[PDB]
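Down below is the structure, laid out as structure tokens.
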Amino acid sequence: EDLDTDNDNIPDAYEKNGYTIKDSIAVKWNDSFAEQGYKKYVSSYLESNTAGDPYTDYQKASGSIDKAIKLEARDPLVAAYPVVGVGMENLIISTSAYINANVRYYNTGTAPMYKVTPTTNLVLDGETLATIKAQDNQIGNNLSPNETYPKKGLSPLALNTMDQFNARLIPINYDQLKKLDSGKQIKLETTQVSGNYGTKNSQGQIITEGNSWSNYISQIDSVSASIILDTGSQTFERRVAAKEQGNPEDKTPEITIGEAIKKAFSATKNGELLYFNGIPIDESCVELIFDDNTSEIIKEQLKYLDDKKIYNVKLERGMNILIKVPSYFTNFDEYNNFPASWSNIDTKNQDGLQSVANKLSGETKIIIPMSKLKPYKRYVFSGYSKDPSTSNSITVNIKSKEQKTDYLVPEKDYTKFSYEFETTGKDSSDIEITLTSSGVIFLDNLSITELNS
Amino acid sequence: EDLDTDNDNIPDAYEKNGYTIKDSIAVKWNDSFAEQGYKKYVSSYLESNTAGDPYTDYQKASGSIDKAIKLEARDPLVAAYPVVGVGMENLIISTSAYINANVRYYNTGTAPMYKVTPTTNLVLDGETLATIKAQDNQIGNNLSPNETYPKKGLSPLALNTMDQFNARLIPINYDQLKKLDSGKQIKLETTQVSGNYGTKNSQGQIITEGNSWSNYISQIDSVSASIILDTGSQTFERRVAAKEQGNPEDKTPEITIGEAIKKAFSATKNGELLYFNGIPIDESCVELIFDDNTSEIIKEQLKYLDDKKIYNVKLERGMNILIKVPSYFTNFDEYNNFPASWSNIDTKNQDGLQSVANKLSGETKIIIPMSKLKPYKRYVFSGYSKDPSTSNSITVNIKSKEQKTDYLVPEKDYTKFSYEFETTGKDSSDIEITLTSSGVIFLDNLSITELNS
Amino acid sequence: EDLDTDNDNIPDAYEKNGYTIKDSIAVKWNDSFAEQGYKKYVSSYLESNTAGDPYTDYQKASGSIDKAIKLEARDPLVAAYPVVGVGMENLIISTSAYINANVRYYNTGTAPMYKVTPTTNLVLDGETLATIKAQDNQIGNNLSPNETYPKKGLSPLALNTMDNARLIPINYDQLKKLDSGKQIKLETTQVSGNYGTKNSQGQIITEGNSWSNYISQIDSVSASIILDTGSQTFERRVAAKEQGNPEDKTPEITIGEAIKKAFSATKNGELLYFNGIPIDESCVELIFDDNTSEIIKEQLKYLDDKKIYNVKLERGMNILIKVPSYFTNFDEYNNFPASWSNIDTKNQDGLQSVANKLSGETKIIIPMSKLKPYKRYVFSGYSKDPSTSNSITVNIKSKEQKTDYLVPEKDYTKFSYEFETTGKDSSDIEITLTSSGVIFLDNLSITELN
Amino acid sequence: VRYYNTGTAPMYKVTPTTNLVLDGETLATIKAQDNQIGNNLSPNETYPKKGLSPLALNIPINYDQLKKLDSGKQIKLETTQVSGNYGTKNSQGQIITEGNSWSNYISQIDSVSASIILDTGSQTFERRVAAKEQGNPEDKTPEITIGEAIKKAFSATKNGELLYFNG
Amino acid sequence: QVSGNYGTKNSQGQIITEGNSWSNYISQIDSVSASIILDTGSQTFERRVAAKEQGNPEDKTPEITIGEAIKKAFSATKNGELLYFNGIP
Ligand SMILES: [Ca+2]
Ligand SMILES: [Ca+2]
Ligand SMILES: [Ca+2]
Ligand SMILES: [Ca+2]
Ligand SMILES: [Ca+2]
Ligand SMILES: [Ca+2]
Ligand SMILES: [Ca+2]
Ligand SMILES: [Ca+2]
Ligand SMILES: [Ca+2]
């Protein structure tokens, strides 16, 4: 039990079953340590970097890395990753003509990125007008996780250089301005970013000169599963390592989607409910969005699993996931943020998902103003329905850009339903949502979720 | 008992219970050493650098660092953060047009910065005209703490260099010159500063070439609390290490805010009074301005502590504290800087904060001239009142741009009150401050301080 | 007794009680070495560089360093500063317009500065035209102490490069203000140089070395002293101790002994000679800053001897020693073109040999030809009057007529007053003083000021 | 344009070189120098990744080429060479991709390997498989059939006796 | 003239072509070797076989007749008494 195959100062017996670092040496995990605040780590005993990130399993578990690295990046399964984007604050074009752009870089990952020099694209309509790289004026010396350069309260930096040594933006001809007056806007997307990372050398300093993140972007992307959490105003992007499909010598631990979300965000769990910052991220309280390939795997994996919940599916390599907390959430237990109260609601019930249900005798109508609704946006109405009778037909009438009239067939147990509608215009007709029940139906966890417009 | 987990020449027994340096070696702390000037140092035994700055706990304690670092930065719990910002002193506008500026770099940290390269933004109103990085002509070789470049007595260095090498700065069009004629000023702010520190090689000479500060900025900020002190004419920024909340593996020492100020400024204490350089900075003798997170943190922590003293609250990572010495402060004991004498003041008392209070029977009125006052600035009225009777109501009549009339209900014991008013115009109406008491009240430590315009 | 805490090849006991270097080894000081010319060196046993300059304590004492480093800097308690300044010789401006400047780098410290690369500022009044650095053409390869580049007799080097781009005012209105009668002042803000260290092969390298690394360290642990002799002005830095630190083992010395150490002055018992010029306390004028004057007055009352040169030196004070241009002592020096009136040298109560026995009034007619117009002057002297019953008033002609009264004390009393002389083709300077009875005068001085 | 990879190993610091051959005569041997360089280019991925606007690279055209292009001719952009880097581990453990080139080994890999190419109609792959020269007896590169070479290059599945590739 | 490099493996193994210029061994190869060129009409091959010095007794370079030089330089095969270069005699 004193063996060390991969040379990472963690015994393979302690690395295979659960371990934690106490006083800079690894010890076997004991279930009584959770009360002292310690965490349980599991990793692969054949690889020095389980996630592919620059720091090994020992450095990530013992915390002997850059102090700006978030505490959820100390898990040997979660990868330390700068996810840096450029957001446009203002656009200035004037007289041939000269265009001046003000940008403010955003970091969302779990690692600081020193000496960032993002490459951005200038595109009007399909055509990339220019691909600009950051000069000496526009290089961000630091970018802490979840912070911006320049920091809040500061004016964004201007981007007006073709090449090094004081070049200037200029459209090639008058055609650009002629179509600009037509009513076209300019987007801004980044193709790549270049930066550094810090490693405490043998002389005790921190060097960020012989280091770059570009060496590990391809490696991190190929051994980890992308997970995103969206909180409406803030965005988070993590990467969790997972084992290869048909690989006998791969030892990356297998974990479920729910456990991985708990690990990648350090969201506390009070028995079963999962809360990040007081905002629930439970399976039924949030709307999950997947790409093409991810949806296929979960559906196949569901029929062989008895619980039939999304959070119990074993994590694999390569899927894409998105998590958007619903904007307006009601559960009739601890949260009701709807500006207008619902109609025909009965809270005296005990058959809900968590505490109670809502028995409806007839129909429920809700009036939602456009005052607190984002104009020119697409929204999706969501909720849970239960009917032991399975003999009542439910129709929905939603007022939007196009009125939606659909029928719903309730199931024996609680079932999640999704309905998508599009609304355009701040000063438009009032949005009407109508649902009717033939008999007595149960309601719980009703939400309206923002989506791409 | 010579165990050394971090290997910084300080055994864990010393580093946890307290230690001091004698003959460049560490010895156990004994209480008899206080009279000789030996200071007590406590730090974390699982890290070579407890504060995160380039120097270890041993080098910071034993003084084997750059001799231009201040004394109070030799504390293992206080980091050597240089806070460098530029000073925009003058404008030159003449022909589009050409712009010339004179700037003077400032340092207010604890450690010097060699080879300073500030980055400057020329913002007019919302838009950012251009981002300027320091040239070889404007790289300041040296910058001592609480000093300038150029040093005092020399004219500021010019700022007319657009980019690398030198090209003349120029507004891009006539539009900004058009609104400049309306009366819009030009502001300058520092987005970042890049500079070196100084260490010695194996041969004994200070090498400052490859070492850069931009590495140790994210680390020190995210491991230490932010403390600022304003003395009216100068400002002093200090960052003090604090432990993480939930870490069980972190052994960073925890100290009160009162001791944190004492360490971060080397403030002498003759029992309970605190002096910076002869100016009292006691909790009762100064008012504090906090941000959102610290405001709710400090209020919650009070109700669990019987003494209810701000200086007695433990320092936790991330808090922002601003200390602004009162510009006009009277205590009726040893200080009264108000130009005009107060009305109805009785010094025959023994129930004051320190020695005596003010036995006011009726009302107090003060006339404040504008000779020693700053126009277009905001001031906050501060003081303490005591009314064991709890049956007299006090109303205040303060003349300002908007006339303020508010009522106050003093408590049984001493209580601080805060009132906000704005002064606009030097050749404006005289400021009238009047307060009336129903019965006999006790007053002590009346303060007036300047706020933002 | 052979313990070495700082690892500079000097035993602990020797560095505290005084040591001297013979045969490239450290030996304990003896009073018998004085007649042979050996010096007594004492330093701190806890630090590699007691002063803070890049050369260690053993290296400075033994002389195993760069040879251009002055004899007055070998002492470990004296820093090795390359105080380098820039002086402008001639101004060329012509067509907006272009400006040419003739400069000449001046060195006044105790060490050379290789690869001098100064940065300058062009100001007319408050506003700064440009911040000029030294390009490839304007770099001095060697700058030995008290030696300038270009050397004596050579024409000053030109300076008209700004980036590249030729130096230019940013607009024509600068010419309009220059034609008004306003000049342009050139000041230096910094300077970049290197210092020589012997590599392991025995060769001297000055590439990776630099002075700007070793400036903040040496300017923080040193007391600044300037000696001004009208023509040649020297600047020196002496290391001191920290007031509030018990671990600081920097030896503490008086101001007087430091001046001996800083300029390697010779002592003829009690008088101090720089280069044959006495620099005794009574023969020189000292101009302190605000900080030092407050501190000096504090220890003045606590000392029985009551001399400025006996005041202990502390970290962080500034001193300026200004040798008077005009001095008299009635013993061995009289530089006045015109003699005084009613002067008697038959006395034995003088400061050193004799005093001035004045019975009445004394008036001096100083010619204008040997005085500097548009300059500020302060007259000095010592007044002794055991009677303490005679009042002395002075009437000196100047730009504003000055009439001041003085009350001499029982012993010798130093008096000084400020006056300004303006105009070359103005009235001749008249100096007159009257004494009620018999007074003692000695060491009358006339000094130029800023 | 949009750089495309069909190999097996990622290329860092991608600086492709192409010429405008204009279906019959070259015009300009364009090179992407500073802002068109792809920091990393993973196998079966393009720079920029899927979902981003095309990379822009920044020449006269005669009236004669206009007619021929309008009559049954098409323009192509052939590549002469591409200079990149690759990842190498260390004793310190960092992946160092500066200095290491994908031009030193290209004429070594190319001269000893037998090219095999497969196209599925939507995405194209190129694999190199090592083989042995007949003359040299000291040569010890194993000799295997094409069927073994197909399965070892595109990672097919040998179910029974037929090859299955991605179903 | 032309400038370029060659490639020699190093201690770790990765081929280095940075400092290894060809132009260092050009004035040496032309001074110790005999120039032999063969043309087939379509493409031409150039080879430079080594040859000993005339009067240097310390020169141990082997002596081979022109017949062996052509066989060695182009890897020709000898069938019977005829040198065959890929079918073409
Ligand atoms: Ca292991
Ligand atoms: Ca491992
Ligand atoms: Ca429920
Ligand atoms: Ca320790
Ligand atoms: Ca430590
Ligand atoms: Ca009191
Ligand atoms: Ca020493
Ligand atoms: Ca010593
Ligand atoms: Ca005398």
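Identifiers for the structure tokens are assigned positionally: chains receive A, B, ... in sequence, residues are indexed from 1 per chain, and ligands are indexed from 1 in the order shown.
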Expected answer as a ChimeraX atom specification: chain B residues within 8 Å of chain A, only C-alpha atoms | /B:5,46,52,54,119,121,123,126-133,162-165,167,172-173,189,191-192,194,214-220,222-223,246-249
Quick one: write out the picked residues with C-alpha atoms as a PDB file, in the first residue's frame?
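The result, written out as out.pdb:
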```
ATOM      1  CA  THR B   5       6.234  21.392   7.637  1.00  0.00           C
ATOM      2  CA  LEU B  46       1.621  25.090   6.276  1.00  0.00           C
ATOM      3  CA  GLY B  52       1.274  35.392  -0.443  1.00  0.00           C
ATOM      4  CA  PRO B  54       7.145  37.434  -2.915  1.00  0.00           C
ATOM      5  CA  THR B 119      -1.459  52.223 -18.403  1.00  0.00           C
ATOM      6  CA  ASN B 121      -7.178  55.867 -20.198  1.00  0.00           C
ATOM      7  CA  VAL B 123     -11.987  59.277 -21.058  1.00  0.00           C
ATOM      8  CA  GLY B 126     -18.495  57.692 -21.561  1.00  0.00           C
ATOM      9  CA  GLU B 127     -16.268  57.178 -24.588  1.00  0.00           C
ATOM     10  CA  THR B 128     -12.610  56.281 -24.113  1.00  0.00           C
ATOM     11  CA  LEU B 129     -10.426  58.237 -26.521  1.00  0.00           C
ATOM     12  CA  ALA B 130      -7.285  56.104 -26.320  1.00  0.00           C
ATOM     13  CA  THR B 131      -5.406  53.688 -24.078  1.00  0.00           C
ATOM     14  CA  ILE B 132      -1.778  54.667 -23.444  1.00  0.00           C
ATOM     15  CA  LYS B 133       0.992  52.431 -22.115  1.00  0.00           C
ATOM     16  CA  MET B 162       0.552  57.715 -28.457  1.00  0.00           C
ATOM     17  CA  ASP B 163       2.135  54.273 -28.851  1.00  0.00           C
ATOM     18  CA  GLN B 164       5.392  52.331 -28.726  1.00  0.00           C
ATOM     19  CA  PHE B 165       8.393  54.436 -29.752  1.00  0.00           C
ATOM     20  CA  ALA B 167       3.811  59.178 -32.342  1.00  0.00           C
ATOM     21  CA  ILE B 172      -9.575  61.436 -34.442  1.00  0.00           C
ATOM     22  CA  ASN B 173     -12.232  63.953 -35.547  1.00  0.00           C
ATOM     23  CA  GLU B 189      -7.720  56.773 -14.588  1.00  0.00           C
ATOM     24  CA  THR B 191      -6.372  50.585 -15.384  1.00  0.00           C
ATOM     25  CA  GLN B 192      -3.171  48.727 -14.486  1.00  0.00           C
ATOM     26  CA  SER B 194       3.320  46.728 -14.376  1.00  0.00           C
ATOM     27  CA  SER B 214       1.773  41.420 -12.076  1.00  0.00           C
ATOM     28  CA  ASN B 215       2.225  37.816 -10.962  1.00  0.00           C
ATOM     29  CA  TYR B 216       1.683  38.543  -7.269  1.00  0.00           C
ATOM     30  CA  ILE B 217      -1.405  40.740  -7.636  1.00  0.00           C
ATOM     31  CA  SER B 218      -4.203  38.215  -8.040  1.00  0.00           C
ATOM     32  CA  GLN B 219      -2.730  35.997  -5.332  1.00  0.00           C
ATOM     33  CA  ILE B 220      -2.398  38.720  -2.691  1.00  0.00           C
ATOM     34  CA  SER B 222      -7.680  37.009  -3.112  1.00  0.00           C
ATOM     35  CA  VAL B 223      -5.925  35.969   0.109  1.00  0.00           C
ATOM     36  CA  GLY B 246     -14.645  26.994   5.655  1.00  0.00           C
ATOM     37  CA  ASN B 247     -11.123  25.620   5.210  1.00  0.00           C
ATOM     38  CA  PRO B 248     -10.168  22.989   7.811  1.00  0.00           C
ATOM     39  CA  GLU B 249      -6.670  22.684   6.338  1.00  0.00           C
TER      40      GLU B 249
END
```
Do a neighbour search on stretch 128-136 of chain D at 12 Å with only C-alpha atoms, toss out local chain neighbours closer than 2 positions, and write the hits as a ChimeraX atom specification.
-> /D:6-9,106,108-118,125-126,138-146,148-154 /E:75,77
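Using only C-alpha atoms, the shortest contact distance between chain D and any of A:76, A:253, A:352, A:118 is found at A:118.
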Run DSSP on the backbone and grab whatever in stretch 21-186 of chain A lands in alpha helix (DSSP H); send it over as a CSV table (one decimal) with N, CA and C atoms, in the first residue's frame.
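Saved file result.csv follows:
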```csv
chain,number,residue,atom,x,y,z
A,57,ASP,N,-2.4,16.0,-9.4
A,57,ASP,CA,-3.4,15.6,-8.4
A,57,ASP,C,-3.0,16.1,-7.0
A,58,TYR,N,-1.7,15.9,-6.7
A,58,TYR,CA,-1.2,16.3,-5.4
A,58,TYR,C,-1.4,17.8,-5.2
A,59,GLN,N,-1.0,18.6,-6.2
A,59,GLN,CA,-1.1,20.1,-6.0
A,59,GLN,C,-2.5,20.6,-5.9
A,60,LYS,N,-3.4,19.9,-6.6
A,60,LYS,CA,-4.8,20.3,-6.6
A,60,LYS,C,-5.5,19.9,-5.3
A,61,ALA,N,-5.1,18.8,-4.7
A,61,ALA,CA,-5.7,18.3,-3.5
A,61,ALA,C,-5.2,19.1,-2.3
A,62,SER,N,-3.9,19.4,-2.3
A,62,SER,CA,-3.2,20.1,-1.2
A,62,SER,C,-3.4,21.6,-1.3
A,175,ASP,N,-18.6,51.2,-49.3
A,175,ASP,CA,-19.7,50.2,-49.3
A,175,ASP,C,-20.1,49.8,-47.9
A,176,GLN,N,-19.2,49.7,-47.0
A,176,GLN,CA,-19.5,49.3,-45.6
A,176,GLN,C,-20.4,50.4,-45.0
A,177,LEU,N,-20.1,51.6,-45.1
A,177,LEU,CA,-21.0,52.7,-44.5
A,177,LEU,C,-22.3,52.8,-45.2
A,178,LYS,N,-22.3,52.5,-46.5
A,178,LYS,CA,-23.6,52.5,-47.3
A,178,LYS,C,-24.6,51.5,-46.7
A,179,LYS,N,-24.1,50.3,-46.5
A,179,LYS,CA,-25.0,49.3,-45.9
A,179,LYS,C,-25.1,49.4,-44.4
A,180,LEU,N,-24.2,50.1,-43.7
A,180,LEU,CA,-24.3,50.4,-42.3
A,180,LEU,C,-25.5,51.3,-42.0
```
Near stretch 390-394 of chain A, counting only C-alpha atoms, which residues have an atom at most 10 Å away, once you skip same-chain residues fewer than 2 positions from it, shown as a ChimeraX atom specification?
-> /A:363,386-388,396,406-413,435-441
Quick one: residues within 9 Å of ligand 6, with only C-alpha atoms and all ligand atoms, as number ranges by chain?
-> B: 331-333, 349-358, 444-445
May I have the residues within 8 Å of stretch 325-341 of chain C as a PyMOL selection string, using only C-alpha atoms and disregarding those fewer than 2 positions away in the same chain?
-> chain C and resi 229-230+283+323+343+345+353-356+362-367+442-448
Counting only C-alpha atoms and all ligand atoms, what residues are within 6 Å of ligand 5, given as a PyMOL selection string?
-> chain B and resi 6+8+44-45+47-50+57
Counting only C-alpha atoms and all ligand atoms, which protein, DNA or RNA residues come within 12 Å of ligand 8, given as a short mmCIF file (atom, residue, chain, number, x, y, z; two decimals) with N, CA, C and O atoms, in the first residue's frame?
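Everything below was put into pocket_4.cif:
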```cif
data_model
loop_
_atom_site.label_atom_id
_atom_site.label_comp_id
_atom_site.auth_asym_id
_atom_site.auth_seq_id
_atom_site.Cartn_x
_atom_site.Cartn_y
_atom_site.Cartn_z
N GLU C 1 35.11 33.12 19.17
CA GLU C 1 35.31 34.50 18.75
C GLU C 1 35.37 34.60 17.23
O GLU C 1 35.46 35.68 16.66
N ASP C 2 35.30 33.44 16.57
CA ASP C 2 35.41 33.36 15.12
C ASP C 2 34.05 33.19 14.45
O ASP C 2 33.98 32.85 13.26
N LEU C 3 32.96 33.42 15.18
CA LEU C 3 31.63 33.28 14.61
C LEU C 3 31.37 34.38 13.60
O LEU C 3 31.77 35.54 13.80
N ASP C 4 30.70 34.03 12.50
CA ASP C 4 30.38 34.97 11.43
C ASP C 4 28.91 34.78 11.07
O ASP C 4 28.55 33.84 10.35
N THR C 5 28.06 35.66 11.58
CA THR C 5 26.62 35.52 11.36
C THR C 5 26.23 35.95 9.95
O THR C 5 25.36 35.32 9.33
N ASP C 6 26.84 37.01 9.43
CA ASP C 6 26.45 37.56 8.14
C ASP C 6 27.22 36.96 6.96
O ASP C 6 26.85 37.23 5.82
N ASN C 7 28.26 36.17 7.22
CA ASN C 7 29.06 35.54 6.17
C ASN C 7 29.64 36.58 5.21
O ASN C 7 29.35 36.62 4.02
N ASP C 8 30.49 37.45 5.77
CA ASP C 8 31.25 38.42 5.00
C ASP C 8 32.73 38.37 5.35
O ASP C 8 33.47 39.32 5.10
N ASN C 9 33.16 37.25 5.94
CA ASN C 9 34.55 36.99 6.31
C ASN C 9 35.07 38.09 7.25
O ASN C 9 36.13 38.67 7.03
N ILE C 10 34.28 38.44 8.27
CA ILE C 10 34.71 39.33 9.33
C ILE C 10 34.15 38.80 10.64
O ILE C 10 32.93 38.67 10.78
N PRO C 11 34.98 38.47 11.63
CA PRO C 11 34.45 37.90 12.87
C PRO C 11 33.57 38.88 13.62
O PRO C 11 33.71 40.10 13.49
N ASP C 12 32.65 38.33 14.41
CA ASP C 12 31.63 39.15 15.06
C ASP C 12 32.25 40.17 16.01
O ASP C 12 31.89 41.35 15.97
N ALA C 13 33.18 39.73 16.86
CA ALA C 13 33.74 40.62 17.87
C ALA C 13 34.52 41.76 17.23
O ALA C 13 34.50 42.89 17.72
N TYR C 14 35.23 41.47 16.14
CA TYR C 14 36.02 42.51 15.48
C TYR C 14 35.13 43.61 14.93
O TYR C 14 35.47 44.80 15.02
N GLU C 15 33.98 43.25 14.35
CA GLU C 15 33.15 44.24 13.69
C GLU C 15 32.44 45.16 14.67
O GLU C 15 31.92 46.20 14.26
N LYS C 16 32.40 44.81 15.95
CA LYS C 16 31.76 45.64 16.96
C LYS C 16 32.74 46.58 17.65
O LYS C 16 32.40 47.75 17.90
N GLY C 18 35.79 47.49 16.50
CA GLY C 18 36.70 48.16 15.59
C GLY C 18 37.71 47.21 14.98
O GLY C 18 38.34 46.43 15.70
N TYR C 19 37.87 47.26 13.66
CA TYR C 19 38.78 46.34 12.99
C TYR C 19 39.45 47.07 11.84
O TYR C 19 38.98 48.11 11.38
N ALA C 26 41.19 40.10 8.26
CA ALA C 26 40.68 41.01 9.27
C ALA C 26 41.41 40.79 10.59
O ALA C 26 41.54 39.65 11.06
N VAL C 42 34.63 50.18 11.74
CA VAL C 42 33.63 49.51 12.56
C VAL C 42 32.32 49.48 11.79
O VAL C 42 31.97 50.43 11.10
N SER C 43 31.60 48.36 11.90
CA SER C 43 30.43 48.14 11.05
C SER C 43 29.43 47.27 11.81
O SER C 43 29.54 47.07 13.02
N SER C 44 28.45 46.75 11.08
CA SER C 44 27.39 45.91 11.64
C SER C 44 27.69 44.45 11.36
O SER C 44 28.05 44.09 10.24
N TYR C 45 27.51 43.61 12.37
CA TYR C 45 27.84 42.19 12.28
C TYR C 45 26.66 41.33 11.84
O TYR C 45 26.76 40.10 11.91
N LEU C 46 25.57 41.93 11.39
CA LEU C 46 24.37 41.18 11.03
C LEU C 46 23.97 41.33 9.57
O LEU C 46 23.08 40.61 9.11
N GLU C 47 24.60 42.23 8.81
CA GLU C 47 24.18 42.52 7.45
C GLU C 47 25.36 42.42 6.50
O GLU C 47 26.50 42.72 6.88
N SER C 48 25.08 41.99 5.27
CA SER C 48 26.14 41.83 4.27
C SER C 48 26.69 43.18 3.83
O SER C 48 27.90 43.36 3.71
N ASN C 49 25.81 44.14 3.57
CA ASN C 49 26.19 45.51 3.23
C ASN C 49 25.69 46.41 4.36
O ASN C 49 24.50 46.69 4.46
N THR C 50 26.62 46.85 5.22
CA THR C 50 26.22 47.73 6.31
C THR C 50 25.60 49.01 5.78
O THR C 50 24.57 49.47 6.28
N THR C 56 30.17 44.66 -0.54
CA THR C 56 30.02 44.15 0.82
C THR C 56 31.06 44.79 1.74
O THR C 56 32.00 45.45 1.30
N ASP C 57 30.89 44.56 3.05
CA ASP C 57 31.71 45.23 4.05
C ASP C 57 33.18 44.86 3.91
O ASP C 57 34.06 45.73 4.04
N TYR C 58 33.48 43.59 3.68
CA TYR C 58 34.87 43.20 3.46
C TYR C 58 35.43 43.87 2.21
O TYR C 58 36.57 44.34 2.21
N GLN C 59 34.64 43.91 1.13
CA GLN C 59 35.15 44.43 -0.13
C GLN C 59 35.48 45.92 -0.03
O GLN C 59 36.49 46.37 -0.57
N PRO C 76 33.32 51.28 5.29
CA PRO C 76 31.99 50.65 5.17
C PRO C 76 30.85 51.54 5.59
O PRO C 76 29.76 51.45 5.00
N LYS C 249 21.96 46.71 14.23
CA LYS C 249 23.29 46.81 14.82
C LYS C 249 24.19 47.77 14.05
O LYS C 249 25.42 47.67 14.13
N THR C 250 23.60 48.70 13.31
CA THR C 250 24.39 49.71 12.62
C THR C 250 25.04 50.62 13.64
O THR C 250 24.34 51.19 14.49
#
```
Which parts of stretch 6-100 of chain D does DSSP call strand (DSSP E) when run on the backbone here, written out as JSON, numbers by chain?
-> {"D": [11, 12, 13, 14, 15, 16, 17, 18, 38, 39, 40, 41, 46, 47, 79, 80, 81, 82, 83, 84, 85]}
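The space between atom CA of residue B:434 and atom CA of residue B:382 spans 13.6 Å.
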Rounded to one decimal place, report the atom CA of residue D:63-atom CA of residue D:30 distance in Å.
-> 21.8 Å
Kindly provide, as number ranges by chain, the residues of chain D having any atom no farther than 7 Å from an atom of chain A, counting only C-alpha atoms.
-> D: 35, 39-40, 42, 48, 53-56, 94-95, 97
If we count only C-alpha atoms, which residues of chain E reach to within 10 Å of chain D? Please list them as a PyMOL selection string.
-> chain E and resi 6-8+14-18
Please save N, CA and C atoms of the selected residues as a PDB file, in the first residue's frame.
```pdb
ATOM      1  N   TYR E   6      20.086  20.606 -41.850  1.00  0.00           N
ATOM      2  CA  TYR E   6      19.901  19.159 -41.824  1.00  0.00           C
ATOM      3  C   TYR E   6      19.341  18.750 -40.470  1.00  0.00           C
ATOM      4  N   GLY E   7      19.121  17.459 -40.253  1.00  0.00           N
ATOM      5  CA  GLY E   7      18.516  17.048 -39.004  1.00  0.00           C
ATOM      6  C   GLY E   7      19.203  15.889 -38.319  1.00  0.00           C
ATOM      7  N   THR E   8      19.716  16.131 -37.114  1.00  0.00           N
ATOM      8  CA  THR E   8      20.364  15.106 -36.306  1.00  0.00           C
ATOM      9  C   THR E   8      19.627  14.977 -34.984  1.00  0.00           C
ATOM     10  N   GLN E  14      14.132  14.114 -30.111  1.00  0.00           N
ATOM     11  CA  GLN E  14      13.459  14.983 -31.064  1.00  0.00           C
ATOM     12  C   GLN E  14      14.464  15.594 -32.031  1.00  0.00           C
ATOM     13  N   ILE E  15      14.138  15.537 -33.324  1.00  0.00           N
ATOM     14  CA  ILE E  15      15.046  16.002 -34.370  1.00  0.00           C
ATOM     15  C   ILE E  15      15.227  17.508 -34.261  1.00  0.00           C
ATOM     16  N   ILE E  16      16.478  17.960 -34.251  1.00  0.00           N
ATOM     17  CA  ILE E  16      16.798  19.380 -34.184  1.00  0.00           C
ATOM     18  C   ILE E  16      17.335  19.808 -35.538  1.00  0.00           C
ATOM     19  N   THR E  17      16.783  20.896 -36.085  1.00  0.00           N
ATOM     20  CA  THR E  17      17.255  21.449 -37.350  1.00  0.00           C
ATOM     21  C   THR E  17      17.558  22.939 -37.250  1.00  0.00           C
ATOM     22  N   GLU E  18      17.794  23.458 -36.047  1.00  0.00           N
ATOM     23  CA  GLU E  18      17.910  24.902 -35.882  1.00  0.00           C
ATOM     24  C   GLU E  18      19.332  25.411 -36.078  1.00  0.00           C
TER      25      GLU E  18
END
```
Residues within 9 Å of residue E:62, only C-alpha atoms, excluding chain neighbours under 2 positions, as a VMD selection string = chain E and resid 50 to 52 59 to 60 64
Provide the atom CA of residue B:402 to atom CA of residue B:378 distance in Å, to one decimal place.
-> 12.0 Å
10 Å contact set for residue E:89, only C-alpha atoms, chain neighbours under 3 positions out, as a PyMOL selection string | chain E and resi 76-79+82-86
